[PDB]
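Enquirer: The data below comprise the sequence and an experimental structure of the protein.
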Amino acid sequence: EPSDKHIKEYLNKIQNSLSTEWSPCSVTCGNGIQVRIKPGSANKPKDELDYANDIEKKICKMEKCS
Amino acid sequence: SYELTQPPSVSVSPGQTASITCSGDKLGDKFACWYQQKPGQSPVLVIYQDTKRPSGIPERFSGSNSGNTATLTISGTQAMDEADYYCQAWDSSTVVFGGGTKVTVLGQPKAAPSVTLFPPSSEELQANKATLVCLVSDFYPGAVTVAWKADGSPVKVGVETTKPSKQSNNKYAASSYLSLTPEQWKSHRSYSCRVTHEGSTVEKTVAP
Amino acid sequence: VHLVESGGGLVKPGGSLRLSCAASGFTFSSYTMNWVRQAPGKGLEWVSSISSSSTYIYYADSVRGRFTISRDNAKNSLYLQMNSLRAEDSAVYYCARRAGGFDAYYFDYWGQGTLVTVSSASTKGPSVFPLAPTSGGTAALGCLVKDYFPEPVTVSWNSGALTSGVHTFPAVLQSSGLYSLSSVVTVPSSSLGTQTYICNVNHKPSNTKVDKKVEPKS
C-alpha cells in the first residue's frame, strides 16, 4: 500500500502544482498515488488544506522497474 | 509523538560524529524537524521533513527517521556546533518539541580572559553611590574565579558576580560588581579585581 | 523575512498582557502563524497557532482557556492576549511562521522574542552612569545600567551607528532583586576627546529610555 507518509511526502513535493485535477503518479516503479484537491475544497486557502478532508487519492501502478 | 524524548546531553570531540536521537510512539509516521539554538539567540531550523536541509545549513548536518526514532547526526562536529538541539513533530495539530539536547564539544583550546575594570563615575559618586565594574571576556573553559581586594586584602562583602555565559565566538563572558559607599571608595588607596583562570591570574587595579 | 515581537514586561500574578508580532518581507496573509515560548534555561513549548483566515485556531493544554491568539492580516501583525497569568508563564515568547503542508509542518522563521515576567515585585527603571575611558590604539568605554526590574534592557551606541567593538554583558541579579548590566565599546584612543559617545539604553518594561553621553574622565 502507498503509505500516508509517502503520500504526504509527494503532496509536499508538488505543493506548487497541486490543483483540482489529478496529478501524475507519485512513483516510477511500484504502487504510487495520484492526488487532487476535492471539488468541495477548491476554495480553501493553501495553508488550511487538510490531508484527510481535502485531498482525494487514487492508486496508480508504474513499472519502470528495470 | 505527543511526548518526544531526547537525551539531555551529548558530548564529542572535534571532528567525530555527534548523534542525537528523538523517540516517540509512531514517530516513524510523522515528519521530524530539528532546531539549533545557541545561547541568547532564537532557534534556527537545521533539518525539516526528516531529511531536508535549509539552503544555508552546512552539509555536515543530516537527519533520518526510521522505526519510531528520529536522529540528527553532525559529521565532523566543530566547536561552532555547540548548542541546544530540539526535535519537533506534529500530532493532532498539537506541536510537540522534544526536551532539548545540549551538545558539548570536548577538548577545545584554552583561552585566557581579558579583564577591564572601571572605577565609580563622578556622577554616581554625586548620587551617594559607588560601583566598581569588572568585566571578563573571551575565556575558555567557562570556569573562572573573580576576587576583589582593597589595599591588597581580600574583600567579599558587597560583591555580585555572574555565572560565565557563552559568547558569539563560543568563548565565555562574566562580570563582577563591587558596591561601595563613596566613603569606602575614598578610604582605600586602591581596589583590585583578580581573575583566576586555569591556574593563571590577571589582576587590574584602580585608585581613587 | 522579519518577525518582531513586542509587549513583553512585568505583569502581576493573575494579570493580563497583550503581545504583538509585526511581520515583514512575505505575504503574511497566506501563512499559519504560531506562538512558542521558552522559560529561562528550559526548553521550547508551543503555545498557539492561527491559520491565515483565522478559521483554524489551536492551543496548548497549558494555556487553553486563558490565552487568545488573533491576527490582523491588515497590519501584517499577530497578537497573543494572555489572562490569568501565573509565574509558570514567565518566558521568552517567540513568533514563528509555519511552513510545509499536510502534517509535514515546520517553523522556518522565528522572531527574536519578547520577555514576559510574571512577578509581584514592582517595576524599576534604570540609572545609567558613564564608564569613562587604555590599550595602545584602542580604549574601552562603557555605560553602567544599574538597578532595574524586570529584564530586559537593550543598549545601542550612537543610535546604532556604532556597532563595531560593542559588547553588552549579561545582567547580574543582585541580592537586591534588581538587575544591573554593563555595555562596553572598544574605540580608538585617537578620538576620545573628539568623537561623541552616547549609549542608548532602552528599558521597555518601565517605558524608559536614556541617551547617556560618555565623556573622557575629567
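Expert: That came in fine, so what should we check first? Numbering: from 1, shown residues only, chains lettered A, B, ... in the order given.
Enquirer: do you know how far the residue nearest to residue B:81 when sequence neighbours are not counted is from residue B:14?
Expert: Closest residue to residue B:81 apart from its sequence neighbours, by C-beta to C-beta, 6 or more residues apart in numbering or on different chains: residue B:74 at 5.4 Å. Every residue, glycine included, has its C-beta placed from N, CA and C. Residue B:74 sits 11 Å away from residue B:14, going by C-beta to C-beta, to the nearest Å.
Enquirer: ok, now residue B:135?
Expert: 29 Å.
Enquirer: Give the buried residues for stretch B:19-29.
Expert: B:20, B:21, B:22, B:23, B:24, B:27, B:28, B:29 (16 or more other C-beta atoms under 10 Å in any protein chain shown).
Enquirer: Please report the number of neighbouring residues for the closest residue to the fourth one other than its chain neighbours.
Expert: If you skip the residues right next to it in sequence, residue B:23 has residue B:5 as its closest partner in space, 4.4 Å away by C-beta to C-beta, 6+ apart. As a burial measure, residue B:5 scores 13 neighbours (other C-beta atoms under 10 Å in any protein chain shown).
Enquirer: just checking, residue B:5 touches residue B:27?
Expert: No. Contact criterion C-beta atoms under 8 Å: residue B:5 and residue B:27 do not qualify, at 9.7 Å.
Enquirer: Excluding chain neighbours, what is closest to residue B:206?
Expert: residue B:119 (4.3 Å).
Enquirer: quick one, what contacts the one you found?
Expert: With contact set as C-beta atoms under 8 Å, 6 or more residues apart in numbering or on different chains, residue B:119 has these partners: B:132, B:185, B:191, B:206, B:207, B:208.
Enquirer: closest to residue A:44 among those?
Expert: residue B:132 (63.9 Å; C-beta to C-beta).
Enquirer: how far away is the residue nearest to residue B:23 from residue C:66?
Expert: On the measure of C-beta to C-beta, residue B:5 and residue C:66 end up 28 Å apart.
Enquirer: Quick one: the helices in the chain, in order.
Expert: All of this refers to chain A. A:4-13, A:51-54 (DSSP state H).
Enquirer: oops, I was thinking of chain B
Expert: So, for chain B - with DSSP H - the helices run B:122-126, B:182-187.
Enquirer: May I have the last one as PDB, with CA atoms only?
Expert: Listed in PDB are the C-alpha atoms of helix B:182-187, where the atom choice follows Å, rounded to 0.1, in the frame of the first residue of the first chain:
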ATOM      1  CA  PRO B 182      31.600  56.900  48.400                       C
ATOM      2  CA  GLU B 183      33.200  57.000  51.800                       C
ATOM      3  CA  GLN B 184      34.600  53.500  51.500                       C
ATOM      4  CA  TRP B 185      35.800  54.200  47.900                       C
ATOM      5  CA  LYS B 186      37.800  57.300  49.100                       C
ATOM      6  CA  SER B 187      39.100  55.400  52.200                       C
END
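Enquirer: Would you mind listing what in chain A touches chain B?
Expert: A:4, A:5, A:8, A:9, A:12 (C-beta under 8 Å from any C-beta of the partner chain).
Enquirer: among the residues you listed, which are within reach of chain C?
Expert: A:8, A:9, A:12.
Enquirer: can you count the residues close to the last one?
Expert: For residue A:12, the tally of surrounding residues (other C-beta under 10 Å) stands at 20.
Enquirer: What of residue A:52?
Expert: Neighbours of residue A:52 (other C-beta under 10 Å): 8.
Enquirer: Indicate the residue of chain B located nearest to chain A.
Expert: residue B:29 (5.7 Å; C-beta to the nearest C-beta).
Enquirer: Setting the sequence-adjacent residues aside, check what's closest to that residue.
Expert: According to C-beta to C-beta, 6+ apart, the nearest residue to residue B:29 is residue A:5 (5.7 Å).
Enquirer: ditto for residue A:39
Expert: Residue A:39's closest residue in space is residue A:20 (C-beta to C-beta, 6+ apart), at 6.6 Å.
Enquirer: so who does that neighbour touch?
Expert: A:36, A:37, A:39, A:42.
Enquirer: my read: residue B:138 touches residue B:169, true?
Expert: Yes. Taking C-beta under 8 Å as the definition, residue B:138 is a contact partner of residue B:169 at 7.4 Å.
Enquirer: List the beta-bridge partners for residue C:21.
Expert: Judged by DSSP bridges, the bridge partners of residue C:21 are residue C:5, residue C:78.
Enquirer: if I read this right, it contacts residue C:72, doesn't it?
Expert: No. At 10.6 Å, residue C:21 and residue C:72 do not qualify as touching, with contact defined as C-beta under 8 Å.
Enquirer: Quick check: neighbours shared by the two?
Expert: With C-beta under 8 Å, 6+ apart as the test, residue C:21 and residue C:72 both reach residue C:79.
Enquirer: who has more neighbours, those two?
Expert: residue C:21 (27 against 12).
Enquirer: Name all residues that make contact with residue 11.
Expert: Because you didn't say which chain, this covers chain A. A:18, A:35, A:51, A:55, C:101, C:102, C:104.
Enquirer: meant chain C actually
Expert: C:17, C:82, C:85, C:116, C:117, C:118.
Enquirer: Contact partners for the fifth one?
Expert: Contacts here follow C-beta under 8 Å, 6+ apart; on that basis residue C:117 touches C:8, C:9, C:10, C:11, C:90, C:150, C:151, C:205.
Enquirer: Per the annotation, how does chain B divide into domains?
Expert: What curated CATH domains lists as the domains of chain B is B:9-105, B:114-206.
Enquirer: Now render those domains as CSV, adding distance to residue C:145.
Expert: Converted to CSV, the domains of chain B look like this (distance: least, C-beta to C-beta, whole Å):
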stretch, distance to residue C:145
domain B:9-105, 17
domain B:114-206, 11
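Enquirer: Of these, which is nearest residue C:165?
Expert: domain B:114-206 (11.6 Å).
Enquirer: What residues are bridge-paired with residue B:19?
Expert: residue B:73.
Enquirer: isn't it right next to residue B:71, touching?
Expert: Yes. Using C-beta under 8 Å, residue B:19 is in contact with residue B:71, at 6.0 Å.
Enquirer: near chain A, which residues of chain C?
Expert: Counting by C-beta under 8 Å from any C-beta, chain C sits next to chain A at C:30-32, C:51-53, C:55-56, C:98, C:100-104.
Enquirer: For residue 34, which residues are in contact?
Expert: Reading this off chain A. So residue A:34 contacts A:22, A:23, A:24, A:25, A:26, A:57, A:58, A:59, A:60 (C-beta under 8 Å, 6+ apart).
Enquirer: other chain: chain C
Expert: B:95, C:46, C:47, C:48, C:49, C:50, C:95, C:96, C:97, C:98, C:107.
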